[PDB]
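Asks: Supplied structure: input09.txt, compact mmCIF, C-alpha atoms.
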```txt
# COMPACT_ATOMS: atom_id res chain seq x y z
CA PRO A 807 -11.53 -27.18 -4.48
CA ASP A 808 -10.48 -30.82 -4.99
CA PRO A 809 -13.75 -32.69 -4.13
CA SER A 810 -11.74 -35.99 -3.82
CA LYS A 811 -10.28 -34.63 -0.57
CA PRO A 812 -12.16 -34.99 2.85
CA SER A 813 -13.15 -31.34 2.60
CA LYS A 814 -13.70 -29.27 -0.63
CA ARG A 815 -10.30 -27.67 -0.29
CA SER A 816 -7.87 -26.56 -2.91
CA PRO A 817 -4.24 -27.89 -2.90
CA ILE A 818 -3.41 -24.46 -1.39
CA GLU A 819 -6.21 -24.67 1.34
CA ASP A 820 -4.99 -28.11 2.34
CA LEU A 821 -1.82 -26.51 3.49
CA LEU A 822 -3.56 -23.47 5.02
CA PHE A 823 -5.51 -25.98 7.16
CA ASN A 824 -3.02 -28.78 8.03
CA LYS A 825 -0.25 -26.28 8.91
CA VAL A 826 -2.75 -24.44 11.40
CA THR A 827 -3.34 -26.21 14.83
CA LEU A 828 -5.71 -24.47 17.02
CA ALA A 829 -6.07 -25.17 20.73
CA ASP A 830 -9.68 -24.74 21.90
CA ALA A 831 -11.58 -26.17 24.94
CA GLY A 832 -14.42 -28.53 23.96
CA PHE A 833 -12.54 -29.48 20.78
CA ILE A 834 -9.73 -30.67 23.11
CA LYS A 835 -11.41 -33.28 25.26
CA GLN A 836 -10.55 -34.14 28.83
CA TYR A 837 -7.89 -36.52 29.99
CA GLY A 838 -9.56 -39.17 32.06
CA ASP A 839 -12.98 -38.07 30.84
CA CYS A 840 -15.88 -37.05 33.22
CA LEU A 841 -19.23 -37.84 31.50
CA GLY A 842 -20.30 -38.84 27.93
CA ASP A 843 -18.75 -40.49 24.98
CA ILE A 844 -15.39 -39.39 23.62
CA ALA A 845 -17.26 -39.02 20.30
CA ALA A 846 -18.47 -35.80 18.86
CA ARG A 847 -18.99 -33.28 21.70
CA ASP A 848 -20.75 -35.95 23.71
CA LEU A 849 -17.91 -35.77 26.36
CA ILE A 850 -17.95 -32.63 28.52
CA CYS A 851 -14.85 -30.56 28.58
CA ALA A 852 -14.29 -27.27 30.50
CA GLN A 853 -10.51 -27.60 30.87
CA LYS A 854 -9.77 -27.82 34.71
CA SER B 514 0.89 -35.96 60.45
CA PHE B 515 -1.25 -37.81 57.96
CA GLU B 516 0.57 -40.13 55.53
CA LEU B 517 -1.22 -39.84 52.11
CA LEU B 518 1.47 -41.99 50.53
CA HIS B 519 1.06 -45.36 48.91
CA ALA B 520 0.39 -48.15 51.30
CA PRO B 521 -2.93 -49.85 52.17
CA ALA B 522 -5.13 -47.80 54.54
CA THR B 523 -4.89 -48.74 58.22
CA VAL B 524 -7.06 -45.98 59.70
CA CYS B 525 -10.42 -44.52 58.47
CA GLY B 526 -13.69 -43.42 60.20
CA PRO B 527 -16.43 -45.49 62.03
CA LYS B 528 -18.79 -44.91 59.04
CA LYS B 529 -19.58 -47.95 56.76
CA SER B 530 -17.72 -48.50 53.63
CA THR B 531 -19.26 -47.32 50.45
CA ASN B 532 -17.44 -48.61 47.33
CA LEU B 533 -16.65 -46.57 44.08
CA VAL B 534 -19.55 -45.33 42.01
CA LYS B 535 -18.47 -44.93 38.35
CA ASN B 536 -19.80 -42.26 35.99
CA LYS B 537 -22.07 -40.50 38.65
CA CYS B 538 -21.28 -37.30 40.50
CA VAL B 539 -20.21 -38.21 44.06
CA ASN B 540 -18.49 -36.61 46.93
CA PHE B 541 -15.12 -38.31 47.18
CA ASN B 542 -12.33 -38.12 49.69
CA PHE B 543 -9.37 -40.45 49.09
CA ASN B 544 -5.77 -39.97 50.27
CA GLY B 545 -6.24 -36.28 51.20
CA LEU B 546 -7.92 -35.53 47.99
CA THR B 547 -11.56 -34.56 48.27
CA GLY B 548 -13.93 -32.47 46.19
CA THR B 549 -17.08 -33.18 44.17
CA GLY B 550 -16.47 -35.28 41.08
CA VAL B 551 -16.96 -38.32 38.90
CA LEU B 552 -14.84 -41.39 39.72
CA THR B 553 -13.32 -43.72 37.02
CA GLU B 554 -10.21 -45.79 36.94
CA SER B 555 -6.62 -44.98 35.73
CA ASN B 556 -5.90 -44.28 32.14
CA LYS B 557 -3.20 -41.80 33.10
CA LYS B 558 0.46 -43.06 33.56
CA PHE B 559 1.80 -42.83 36.99
CA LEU B 560 5.02 -43.15 38.88
CA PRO B 561 4.79 -45.07 42.18
CA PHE B 562 5.71 -41.91 43.96
CA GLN B 563 3.10 -39.88 42.10
CA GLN B 564 -0.02 -41.86 42.55
CA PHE B 565 -2.04 -38.90 43.49
CA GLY B 566 -2.43 -35.53 41.95
CA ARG B 567 -3.57 -32.09 42.46
CA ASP B 568 -3.47 -29.83 39.46
CA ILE B 569 -2.44 -26.11 39.14
CA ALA B 570 -6.20 -25.29 39.65
CA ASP B 571 -6.03 -26.77 43.16
CA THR B 572 -8.44 -29.52 42.36
CA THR B 573 -8.06 -33.29 42.33
CA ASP B 574 -6.42 -34.85 39.23
CA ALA B 575 -5.84 -38.42 40.33
CA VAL B 576 -5.75 -40.42 43.59
CA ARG B 577 -4.83 -43.88 44.66
CA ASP B 578 -7.68 -45.89 46.25
CA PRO B 579 -7.23 -46.77 50.06
CA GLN B 580 -8.64 -50.26 49.92
CA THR B 581 -8.04 -51.50 46.43
CA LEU B 582 -4.71 -51.55 44.46
CA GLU B 583 -6.06 -49.27 41.57
CA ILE B 584 -5.15 -45.65 40.97
CA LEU B 585 -8.38 -43.63 40.25
CA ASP B 586 -8.65 -40.79 37.74
CA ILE B 587 -11.14 -38.24 39.07
CA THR B 588 -12.54 -35.51 36.92
CA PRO B 589 -14.68 -32.71 38.52
CA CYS B 590 -18.54 -33.10 37.94
CA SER B 591 -20.12 -32.04 34.60
CA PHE B 592 -21.72 -28.62 34.06
CA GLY B 593 -22.66 -26.36 31.14
CA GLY B 594 -24.25 -23.20 30.14
CA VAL B 595 -27.98 -22.57 29.97
CA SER B 596 -28.63 -20.83 26.70
CA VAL B 597 -32.31 -20.05 26.30
CA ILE B 598 -33.81 -19.35 22.96
CA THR B 599 -36.67 -16.97 23.71
CA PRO B 600 -38.51 -14.18 21.66
CA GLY B 601 -39.71 -10.78 22.76
CA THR B 602 -42.53 -10.38 25.43
CA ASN B 603 -44.64 -8.75 22.61
CA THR B 604 -45.44 -12.28 21.60
CA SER B 605 -45.91 -15.43 23.55
CA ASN B 606 -42.55 -16.65 25.08
CA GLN B 607 -40.92 -19.94 24.15
CA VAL B 608 -38.19 -21.71 25.98
CA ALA B 609 -35.69 -23.98 24.17
CA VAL B 610 -32.55 -24.64 26.16
CA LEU B 611 -29.12 -25.54 24.74
```
Translate this structure into structure tokens?
Replies:
Amino acid sequence: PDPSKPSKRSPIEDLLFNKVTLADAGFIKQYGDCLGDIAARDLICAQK
Amino acid sequence: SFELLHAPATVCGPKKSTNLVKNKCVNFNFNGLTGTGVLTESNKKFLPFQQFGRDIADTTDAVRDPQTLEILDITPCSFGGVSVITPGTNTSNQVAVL
């Protein structure tokens, strides 16, 4: 781990994370929003 | 033959206007698009020919307002799971809900 990084990740883990994009509902927020702040998981998301 | 296309409304019912209620769950019905949802105003890009939307789920995505000049973004009303943290019935029961 390189503690100077945002997360205690090794030069190798940095690539294992930034080169992996996961698509998951609730981490992907709504477009147009329904209720709650865009922040955190304050804004409800349940895809369609 | 009901024209749901962009133009100001000329015909609606005898019932008294109620204006847009933002960030509350309402029953809406604008330009053919009805359902139960939370009204806000347009953040989405639109074409003038596509000022209303229904998505692949057969629910309202966006609609243009009959009285004002704004396009509304409508997102179906909030819901979420009830996850109860509870012990056995061999002990007094507790109820915390996520």
Asks: Taking (-29.0, -25.4, 25.6) in the file's coordinates as the center, which residues reach within 12 Å of it, counting all atoms listed in the file, put as a list in words?
Replies: residues 592, 593, 594, 595, 596, 597, 598, 599, 608, 609, 610 and 611 of chain B
Asks: Keeping only C-alpha atoms, write the selected residues to a file as a PDB file, in the frame of the given file.
Replies:
```pdb
ATOM      1  CA  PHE B 592     -21.720 -28.620  34.060  1.00  0.00           C
ATOM      2  CA  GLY B 593     -22.660 -26.360  31.140  1.00  0.00           C
ATOM      3  CA  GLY B 594     -24.250 -23.200  30.140  1.00  0.00           C
ATOM      4  CA  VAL B 595     -27.980 -22.570  29.970  1.00  0.00           C
ATOM      5  CA  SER B 596     -28.630 -20.830  26.700  1.00  0.00           C
ATOM      6  CA  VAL B 597     -32.310 -20.050  26.300  1.00  0.00           C
ATOM      7  CA  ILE B 598     -33.810 -19.350  22.960  1.00  0.00           C
ATOM      8  CA  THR B 599     -36.670 -16.970  23.710  1.00  0.00           C
ATOM      9  CA  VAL B 608     -38.190 -21.710  25.980  1.00  0.00           C
ATOM     10  CA  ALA B 609     -35.690 -23.980  24.170  1.00  0.00           C
ATOM     11  CA  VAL B 610     -32.550 -24.640  26.160  1.00  0.00           C
ATOM     12  CA  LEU B 611     -29.120 -25.540  24.740  1.00  0.00           C
TER      13      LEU B 611
END
```
Asks: Please indicate the distance in Å from atom CA of residue B:578 to atom CA of residue A:832, rounded to one decimal place.
Replies: 29.0 Å
Asks: Got a sec: who's within 12 Å of residue A:830, counting only C-alpha atoms, leaving out chain neighbours fewer than 5 positions off, as a list in words?
Replies: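 Final neighbour list, sorted by chain and number: residues 835, 836, 851, 852 and 853 of chain A.
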Asks: Show me, as JSON lines, the residues of stretch 811-843 of chain A having an atom within 10 Å of stretch 539-560 of chain B, each with the closest atom pair and its distance in Å, using all atoms listed in the file.
Replies:
```
{"residue": "A:837", "atom": "CA", "partner": "B:557", "partner_atom": "CA", "distance": 7.7}
{"residue": "A:838", "atom": "CA", "partner": "B:556", "partner_atom": "CA", "distance": 6.3}
{"residue": "A:839", "atom": "CA", "partner": "B:553", "partner_atom": "CA", "distance": 8.4}
{"residue": "A:840", "atom": "CA", "partner": "B:551", "partner_atom": "CA", "distance": 5.9}
{"residue": "A:841", "atom": "CA", "partner": "B:551", "partner_atom": "CA", "distance": 7.8}
```
Asks: Kindly indicate which residue among A:812, A:807, A:822, A:833 lies nearest to residue A:849, using all atoms listed in the file for the distances.
Replies: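 For residue A:849, the nearest of the candidates is A:833.
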Asks: Report, as JSON, the axis-aligned box around all atoms of stretch 840-848 of chain A present in the file, extended by 4 Å on each side; give centre and edge lengths in Å to one decimal place.
Replies:
```
{"center_x": -18.1, "center_y": -36.9, "center_z": 26.0, "size_x": 13.4, "size_y": 15.2, "size_z": 22.4}
```
Asks: Would you mind listing, for every residue of chain B within 7 Å of chain A, the two atoms forming the shortest contact and the distance between them in Å to one decimal, using all atoms listed in the file, sorted by chain and ascending residue number, as JSON lines?
Replies:
```
{"residue": "B:536", "atom": "CA", "partner": "A:841", "partner_atom": "CA", "distance": 6.3}
{"residue": "B:551", "atom": "CA", "partner": "A:840", "partner_atom": "CA", "distance": 5.9}
{"residue": "B:556", "atom": "CA", "partner": "A:838", "partner_atom": "CA", "distance": 6.3}
{"residue": "B:557", "atom": "CA", "partner": "A:838", "partner_atom": "CA", "distance": 7.0}
{"residue": "B:570", "atom": "CA", "partner": "A:854", "partner_atom": "CA", "distance": 6.6}
{"residue": "B:586", "atom": "CA", "partner": "A:838", "partner_atom": "CA", "distance": 6.0}
{"residue": "B:588", "atom": "CA", "partner": "A:840", "partner_atom": "CA", "distance": 5.2}
{"residue": "B:589", "atom": "CA", "partner": "A:840", "partner_atom": "CA", "distance": 7.0}
{"residue": "B:590", "atom": "CA", "partner": "A:840", "partner_atom": "CA", "distance": 6.7}
{"residue": "B:591", "atom": "CA", "partner": "A:850", "partner_atom": "CA", "distance": 6.5}
```
